[PDB]
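Here is the structure we will look at.
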Amino acid sequence: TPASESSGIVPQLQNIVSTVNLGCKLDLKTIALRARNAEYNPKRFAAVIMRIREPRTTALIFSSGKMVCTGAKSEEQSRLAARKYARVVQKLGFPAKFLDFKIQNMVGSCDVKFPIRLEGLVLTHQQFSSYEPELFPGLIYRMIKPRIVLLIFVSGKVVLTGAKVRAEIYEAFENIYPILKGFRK
Amino acid sequence: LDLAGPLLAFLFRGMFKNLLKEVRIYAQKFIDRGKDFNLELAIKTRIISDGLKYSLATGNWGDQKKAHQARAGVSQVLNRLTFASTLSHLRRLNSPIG
Amino acid sequence: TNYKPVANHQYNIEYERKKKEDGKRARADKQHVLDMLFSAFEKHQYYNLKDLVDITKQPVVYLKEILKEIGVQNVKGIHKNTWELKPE
Amino acid sequence: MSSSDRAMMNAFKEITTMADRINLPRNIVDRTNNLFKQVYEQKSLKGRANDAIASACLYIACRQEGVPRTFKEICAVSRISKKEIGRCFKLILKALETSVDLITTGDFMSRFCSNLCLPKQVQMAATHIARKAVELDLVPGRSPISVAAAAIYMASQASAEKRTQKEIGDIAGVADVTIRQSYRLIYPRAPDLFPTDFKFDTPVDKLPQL
Amino acid sequence: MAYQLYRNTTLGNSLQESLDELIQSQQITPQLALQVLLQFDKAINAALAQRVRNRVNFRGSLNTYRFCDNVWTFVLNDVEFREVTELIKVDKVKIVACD
Amino acid sequence: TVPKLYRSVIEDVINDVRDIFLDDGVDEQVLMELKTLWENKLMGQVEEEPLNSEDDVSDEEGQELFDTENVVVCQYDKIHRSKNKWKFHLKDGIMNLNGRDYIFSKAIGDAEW
Amino acid sequence: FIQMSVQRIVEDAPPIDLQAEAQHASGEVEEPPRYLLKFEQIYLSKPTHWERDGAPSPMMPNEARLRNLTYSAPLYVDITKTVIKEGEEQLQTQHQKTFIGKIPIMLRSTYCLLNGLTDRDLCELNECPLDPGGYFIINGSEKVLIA
Amino acid sequence: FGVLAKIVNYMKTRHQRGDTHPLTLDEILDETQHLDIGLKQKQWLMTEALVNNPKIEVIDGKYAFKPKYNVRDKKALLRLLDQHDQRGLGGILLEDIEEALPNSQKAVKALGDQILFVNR
């Protein structure tokens, strides 16, 4: 017996957000100066914005030494870029480190490949499901099981985020797909 | 003999002074922010409107918060005991009772 | 009947202006502000804190740290937090 | 008296001053006053602008009376961005833990057609056109008001009381292209969407295209 | 605020070298060189606002970039400045953009 | 027409500083020497510290200083980016390409990174 | 009074101008901003009432009695917004036509459109032909001014 | 006044920074690259400003401190403090930091030794 009567349309993860501390305080002005591919403006934000073409990622370098890695398709790639970012900063002349690395966010998406009656869905699961066509064309499902948020669209497209574990996207989706099938137009 | 028109104009004159000042209070808010002006937002139509609702309903005459004492009972509900009674009501005359 | 502008017009107008510049500016190695202080206090011995805030482009608390550093302040017999350079 | 209530006290004057601008029934306003009082009593959202909450209370009461007014309309009487009203709205739904209702096109058929002084027959025809269109989900995307306006447009275009999209667009507030798109979506069924009790002023064949 | 940076150009430098010569030959005072350079600055700013009218279109992949004190400094590669007659492709170009 | 404009500036700048030259008591022939000299000039890791276990993703910076690049100086009107797609809106620019000198009043561009 | 007196007050002194603070030293501020407001003819709609759907309807004085509504009409005004602004853009004008209020009207007024209708019309309206009015209806209640 | 406040502040700053030795006006101008203040101003600063200062210390040909005259005594001000007959004039927390080192580390040990603090 399958776990669900409908199963798959594997929900593919599309984005990961992670942060790490370089273990030292830095001078972003110097960093901005030295870097060949970064931006900085204290009048706009207190951190340096650096990018690498590797996996087309972006980093946020706080003066505190904290950094943020974005754009990564996987936690490892986020870890890889963040590690790759940490090195260069060190290579600028700084005592950068890989202290306290952690995943901050993961983003997934998928298509159920069939349209569903949101009216019924927002009605039957108002406790969790949320939607407003005057607000945004996508229905917002805030699952608490694994504390996941889903975005459900009239075309059947779905987006999942707020995850720090990839399995949770699969899991949140495994719970919601059958229900959706039961809401087929 | 005092009639509705000169009397209403006095409230109209007073509430307009109230209305002019209230919009000016917005004008003060407008200069305060320096953000662009909004005419419709400053508007408080009800103030006069509801203010008039009091004078007209009770028969009282003033801002009730201040001047009104010397002008109570200007206006009353029509009497319908007979048509003639009604007509008498329509044509009755009163005084400041000294 | 009057059109609903989905956002307050003047607020929106405020937005075009607001996005241009912020008061959240930088302040490293205090020096340019004291030099400016000599310029202002050359015109009068004491000034109001808001007026001191006008020449500056920095948070008042940070500014408070500066005015404490080279000066003291008063009520000047007018309650107002008025600051002046140290006579000593 | 209680400095504490004075912003709340002023908010209900501002609620009244907000209900004043468009001649709202007092029963709606009273629930609204009660809604704020409740939201005030929670204080969990004290970190929020009172006027937005008042405006959000107002949007809710209209829905609670089964006659919602658009945020666009609600914006007309307030400084609060539609975004912040929506944001505050969500917070109140969460704050007061209460559900809401979905919108219907017919609820706005009345005043808009009124604002165009359109006769009930056109008004009612539009409502069917709208009603039939949504039952068939002919427009699974466009906002129902946008869909309604095009139906109204179609209806007005099916009567002598024709109006330009820009005027209608001006009344509804939606983009003139959005009606134009919504019209393109309803146009394939323009003839059959009309009610069986109708008297054309222009053949459906002669209905304009845009 | 006047842009001193435009003195760091061929136009600006050829002037400064010629002036420095005039200082080496002591035909002028250093103060005179400064006022003329200051005037040149004011003059070149004015010419940009007035005599200049032509516009140009450009295309080129970004190689490197930097930003500080409201001034951007880029270096793009495989760049192409586009003009109806003087089309110019370049392997690399350095771009300074003051506010 | 463009080289003519450059001359206009040459005439205008030289003439407009003439009086300053006088104020120094400097002879106008020296001014003519200035112009003459000038014209002639015209033509993996397993610990929070061994970061070096990730060495070398950065390339060589000496690519950026050999005057392989012709130079351009201009104010900017708008800069835009979309993940990897960049957009540029520029104005009032001085270009020096292949030793040649150019000028523009407005510039709009696009780039990927 | 309706015809002229309220208007004479509107004729009187509604124009107001306001100038922003100089906020001295905002470099080359130039001079502080300034705004002026101007008013023309005052307008009055026929007695009407707005139903909870937000839509308008005619205010039947018979309806006013039944629903206990206050017999009133909308009052409207020509408004102008006007500013040299103390800037280079002096004399730039902006026009408004603004709702100011709902005025309660005397029965058998010139604006009491029933005043032209026949007795037969009035009975068609279920109105009494020997009921000249001359007194307001407030919250459905009949109100007379005493001289 | 501002320049004098700037002179005092620099003198304070350079001394804290490590230059615990008497200075001169010229030496300050030089080090601050402000030498071109004009001989008139330079002179007026030297022989009137640093004369009207009520606490400036003439060591000889070099000006010294007015704020903290005491040496780098750092820890222990017990002998002065103990004097209950005059309370001890004790020291201000600002004065203590100025003296050599931050108070807190010394204070933590001092709080169980010989010193009590009031917030007044």
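Every number here is computed from the coordinates shown, using simple stated rules; none is lab data. Every residue, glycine as well, gets a Cβ built from its backbone with ideal geometry; the counts of neighbours run over all protein chains shown.
Could the peptides D:16-29, D:61-74 be put in order, highest first, of the mean number of other beta-carbon atoms found within 10 Å of their residues?
Details: D:16-29: 18.1, D:61-74: 20.0.
Put in order of decreasing packing, that is D:61-74, D:16-29.
List G:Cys128, D:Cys57 from most exposed to least, where exposure is judged by having the fewest other Cβ atoms within 10 Å. Spell out each step's value before the answer.
Values: G:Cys128 13, D:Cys57 29.
By the 10 Å Cβ count, ascending: G:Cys128, D:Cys57.
In percent, what relative contact order does chain D have, based on Cα pairs under 8 Å that are 6 or more apart in sequence?
Numbers: 214 pairs, mean separation 31.8, N = 210.
Relative contact order for chain D comes out at 15 percent.
Give me E:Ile88, D:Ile85 sorted ascending by neighbouring Cβ count inside 10 Å, so fewest comes first. Don't skip to the end; give the middle numbers.
Details: E:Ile88 18, D:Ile85 24.
By the 10 Å Cβ count, ascending, the order reads E:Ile88, D:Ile85.
Determine the relative contact order of chain H: mean sequence separation of Cα pairs under 8 Å and six or more apart, normalised by residue count, in whole percent.
On the way: 62 pairs, mean separation 19.4, N = 120.
That works out to 16 percent.
Per residue of F:27-38, what is the mean number of Cβ atoms on other protein chains within 10 angstrom of that residue's Cβ? Walk me through the numbers before you get to the answer.
Numbers: counts 2, 0, 1, 7, 4, 0, 5, 10, 2, 1, 7, 7.
Shielding by partners across F:27-38 averages 4.
Going 7 Å from the Cα of B:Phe10 in the Cα-to-Cβ direction, what parts of the stretch B:60-98 have a backbone nitrogen less than 20 Å from that spot?
Under cut-off, by backbone N: B:60-77, B:92-98.
Summing +1 for each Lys or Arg and -1 for each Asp or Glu, what net charge is found among the other residues whose Cβ lies under 12 Å from the Cβ of C:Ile55?
On the way: positive: C:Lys43, C:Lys50, C:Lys57; negative: C:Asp35, C:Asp51, C:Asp54.
In short, 0.
Which whole-number percent is the relative contact order of chain G (Cα, under 8 Å, 6+ apart)?
Working: 257 pairs, mean separation 30.1, N = 147.
Normalised by residue count, the contact order of chain G is 20 percent.
Using 7 Å Cα-to-Cβ label points, what is the G:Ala147/D:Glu167 separation (nm, one decimal)?
Each label point is offset 7 Å from its Cα along the Cβ direction, giving 5.0 nm.
Largest first and in whole Å, give the semi-axes of the stretch E:54-99's equivalent ellipsoid, each being the square root of 5 times a Cα gyration tensor eigenvalue.
Numbers: eigenvalues 94, 36, 7 Å².
After diagonalising the Cα gyration tensor, the semi-axes are 22, 13, 6 Å.
Once the other residues with Cβ under 15 Å from the Cβ of G:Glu51 are scored (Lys, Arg +1; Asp, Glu -1), what is the net sum? Could you put the intermediate results ahead of the total?
Numbers: positive: D:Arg26, D:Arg69, D:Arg111, D:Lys120, G:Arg52, G:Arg67, G:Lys102; negative: D:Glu65, D:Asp107, G:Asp53, G:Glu63.
For residues surrounding G:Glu51, the net value is +3.
For every other residue with a beta carbon closer than 11 angstrom to the beta carbon of A:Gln77, add +1 if it is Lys or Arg and -1 if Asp or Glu, then tell me the sum.
On the way: positive: A:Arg56, A:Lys73, A:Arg79, A:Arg83, A:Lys84; negative: A:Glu54, A:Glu75, A:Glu76.
With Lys, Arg at +1 and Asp, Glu at -1, the neighbours total +2.
Counting only other chains, what is the mean number of Cβ atoms within 10 angstrom of the Cβ of each residue in peptide G:56-64?
Details: counts 6, 1, 0, 0, 0, 0, 0, 0, 0.
For this peptide, the per-residue mean of nearby foreign Cβ atoms is 1.
Between F:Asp19 and F:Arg81, take the C-beta separation as r, use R0 = 41 Å, and let me know the FRET efficiency to the nearest 0.05.
Numbers: r = 48 Å, r/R0 = 1.18.
According to the calculation, E is roughly 0.25.
Take the alpha-carbon centre of the stretch F:34-54, take the same for the stretch B:80-98, and report the distance between them in whole Å.
101
Enter the Cα centre distance for the pair the stretch B:1-68 and the stretch G:56-72, rounded to the nearest angstrom.
Spelled out, the Cα-based centre of one part sits 25 Å from the other.
For chain G, modelled as a Gaussian network with Cα springs under 10 Å, which listed residue fluctuates most, G:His95, G:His24, G:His49?
Of G:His95, G:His24, G:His49, the most mobile in the Gaussian network model is G:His24.
Within 10 Å of each residue's Cβ, count the other Cβ atoms and sort D:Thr127, D:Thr104 from fewest upward. Could you put the intermediate results ahead of the total?
Working: D:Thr127 23, D:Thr104 17.
Lowest to highest Cβ neighbour count: D:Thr104, D:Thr127.
Choose one answer from E:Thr29, E:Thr85, E:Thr64: the residue with the largest mean-square fluctuation in a GNM of chain E with alpha-carbon springs under 10 Å.
E:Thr85
For C:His79 and G:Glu30, what does the FRET efficiency come to when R0 = 30 Å and r is the distance between their Cβ atoms, rounded to the nearest 0.05? Let's see the in-between values first.
Working: r = 33 Å, r/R0 = 1.09.
Plugging the Cβ-Cβ distance into 1/(1 + (r/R0)^6) gives 0.35.
Which links in B:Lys53/G:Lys46; A:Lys43/C:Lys80; C:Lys24/E:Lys42; A:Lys66/B:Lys35; A:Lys25/F:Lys85; C:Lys80/H:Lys6 stretch past 29 Å when you go from one Cα to the other? If you can, show how the numbers build up before the last one.
Values: B:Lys53/G:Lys46 19 Å; A:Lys43/C:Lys80 31 Å; C:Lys24/E:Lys42 32 Å; A:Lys66/B:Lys35 38 Å; A:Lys25/F:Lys85 32 Å; C:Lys80/H:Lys6 26 Å.
Pairs exceeding 29 Å: A:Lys43/C:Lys80; C:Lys24/E:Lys42; A:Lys66/B:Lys35; A:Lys25/F:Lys85.
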